[PDB]
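Below, in structure tokens: the form solved without 6-bromo-1,3-dihydro-2H-indol-2-one, a single chain.
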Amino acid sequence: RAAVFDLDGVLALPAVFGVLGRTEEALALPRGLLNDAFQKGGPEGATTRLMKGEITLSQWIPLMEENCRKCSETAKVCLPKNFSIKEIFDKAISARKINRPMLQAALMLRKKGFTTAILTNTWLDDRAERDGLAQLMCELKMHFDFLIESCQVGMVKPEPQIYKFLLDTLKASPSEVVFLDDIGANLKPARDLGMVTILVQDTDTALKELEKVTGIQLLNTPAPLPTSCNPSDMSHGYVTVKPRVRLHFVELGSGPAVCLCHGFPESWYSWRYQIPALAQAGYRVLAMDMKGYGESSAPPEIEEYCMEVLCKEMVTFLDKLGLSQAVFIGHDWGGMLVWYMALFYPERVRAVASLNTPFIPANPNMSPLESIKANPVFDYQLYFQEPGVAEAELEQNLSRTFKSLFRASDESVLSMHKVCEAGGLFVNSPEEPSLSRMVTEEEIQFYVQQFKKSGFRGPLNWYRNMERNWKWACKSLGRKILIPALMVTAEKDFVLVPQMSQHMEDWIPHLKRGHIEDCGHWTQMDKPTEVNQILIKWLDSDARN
């Protein structure tokens, strides 16, 4: 089964075709005059040539300028001194947006096994503002299995040839697919060839007919999750910052650089929902694979994981990447690394942002080891001190480990209070936890194959530099974070709760704040929508500048 959507008028908001009407009324010009010059000599038409990619857009514009000296001429009329078919067409273009509900449907059908695709008559945009269309094209193109373009296949919508073509590339028979257009003309062929057809008068009904003809709920359906990241379609980057330390990241998007530092014990994958989203927002995302995790080198020494070297290494990463700075957004430990980054390398930090992790100054008087036994929640933080031990029960059964950790506040199957005495973090938990409702079985077998590499020693050593991380931290007792910084708290996070971050103003005067109720500790995978909403809003005004 399949589904083909025309771009204009089905996935594109104000279907360009319409403008020659709109425009016409505005200048009060002879009804239909325009959408008449747009279609001269049927096939010999300038428009059709453009359709077939024989001429560039910039070429066709003038041939359409002319008709508008012949189309208005025969109907005994006249036109304004500077009649911009160019200007009128830019606006129309820049004006079309995505038909969100429609895209939502094509996404669903794919989701429930449908080879979706776009069949569309299109020109070869060589305009000076081509990038805008090319930009939207990307957003859409991305969610479809195929994207057939007239100017690319030298065939145009009506010709039954393109259909046989589309039907070919679609490895399917007419009777297995639907076809939605806003043009009767192009539709007959589908129907006169087999495939179910739907005239897209109004979206609301189109989908009404669609969900109908498919027995799949497409309309007024639950607000979906942002786009996740397929680890195979990602651009994987590498940088060797030191002799035995290579760093892996994932790159997507262009524009201001946004470095994402995940937490413990995750990967660059933890941001699966904010990577496509932020990239789309107008940023260049670099989803860090922190030191010790997955594809990044994972040396044994406990010391190689203190914030000081972790931070000198992040700069080194910027350096070898040719970046003056970047906006570091962090989580869990990633959040701590970030606070220090803004505390020791302001120049290099355009904007600071942490999720859950609070900027807490260091207590020169009480050593962290002490000052941490001074908190119930932080009991597992003890059980992590003896190299070898924690590695053990964690590296014991990767699947079990992640299905146990990556659990919502309520879903829990652990209780980090009294663990050492408990003799393990999984002591009283099922050796086969039920799947969390935040993650699919696949998303888990992914963190499984990742940790199969360097294990849990590298990750467990971040917890093993208390004394060091504290000492270096005192050097910055006089400092003050005056760069754009955001502190985002989660209601149901139990180990890193909102309260801890309440005094962050005394150190960060202009600290903005975000909060997310009914939100666990794995912020990214639990409340992606909010997270993206909150970080994009902040990025537009506090970072980008």
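C-alpha atoms forming the largest set that superposes within 1.5 Å between two forms make up the rigid core. Residue numbers run from 1 along the displayed sequence.
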Checklist outcome for this item: Core-superposed comparison in 9 other deposited structures of this protein: bigger Cα RMS shift among 146-154 and 405-413 is in 405-413
Checklist entry - Out of 409-417 and 115-123, which one has CA B-factors that are higher on average in the deposited record? => result 409-417
Checklist outcome for this item: Comparing mean C-alpha B factor in the record for 176-184 and 352-360, the higher one is 176-184
Item to check | Options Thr56, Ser476, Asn67, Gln499 - largest CA temperature factor per the record | outcome: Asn67
Checklist entry - Among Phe344, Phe451, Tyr163, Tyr283, where is the Cα temperature factor highest, going by the PDB entry? => result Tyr163
Item to check | CA B-factor ranking of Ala12, expressed as a third of its chain | outcome: middle
Checklist entry - Once the chain's modelled residues are ordered by C-alpha B factor and cut into thirds, is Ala485 in the lowest, middle or highest one? => result middle
Item to check | Relative C-alpha B-factor of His236, binned into the chain's lowest, middle or highest third | outcome: lowest
Item to check | CA B-factor ranking of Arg22, expressed as a third of its chain | outcome: highest
Next on the checklist: Taking only the Cα B-factors deposited for this chain, tell me whether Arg96 sits in the lowest, middle or highest third.
Outcome noted: highest
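The following text describes the form solved in complex with 6-bromo-1,3-dihydro-2H-indol-2-one, which does not appear among the structures shown.
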Checklist entry - Is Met336 close to 6-bromo-1,3-dihydro-2H-indol-2-one in the entry with it bound, meaning a heavy atom pair under 4.5 Å apart or at it? => result yes
Checklist entry - Counting only non-hydrogen atoms and a 4.5 angstroms cut-off, does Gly194 reach 6-bromo-1,3-dihydro-2H-indol-2-one in the entry with it bound? => result no
Next on the checklist: Residue-level contact is defined here as any heavy atom of the residue lying within 4.5 Å of 6-bromo-1,3-dihydro-2H-indol-2-one in the entry with it bound; does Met307 satisfy this criterion?
Outcome noted: yes
Item to check | Any non-hydrogen atom of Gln381 within 4.5 angstroms of 6-bromo-1,3-dihydro-2H-indol-2-one in the entry with it bound | outcome: yes
Checklist entry - Looking at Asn469, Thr316, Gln280, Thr115, which is the one with a non-hydrogen atom within 4.5 Å of 6-bromo-1,3-dihydro-2H-indol-2-one in the entry with it bound? => result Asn469
Checklist entry - So which of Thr203, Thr214, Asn465, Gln450 reaches within 4.5 angstroms of 6-bromo-1,3-dihydro-2H-indol-2-one in the entry with it bound, heavy atom to heavy atom? => result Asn465
Checklist entry - Picking from 245-253, 163-171, 132-140, 470-478, which part of the chain touches 6-bromo-1,3-dihydro-2H-indol-2-one in the entry with it bound when contact means heavy atoms within 4.5 Å? => result 470-478
Next on the checklist: For the stretch 102-134, I need every residue with any heavy atom inside 4.5 Å of 6-bromo-1,3-dihydro-2H-indol-2-one in the entry with it bound, listed N to C.
Outcome noted: none
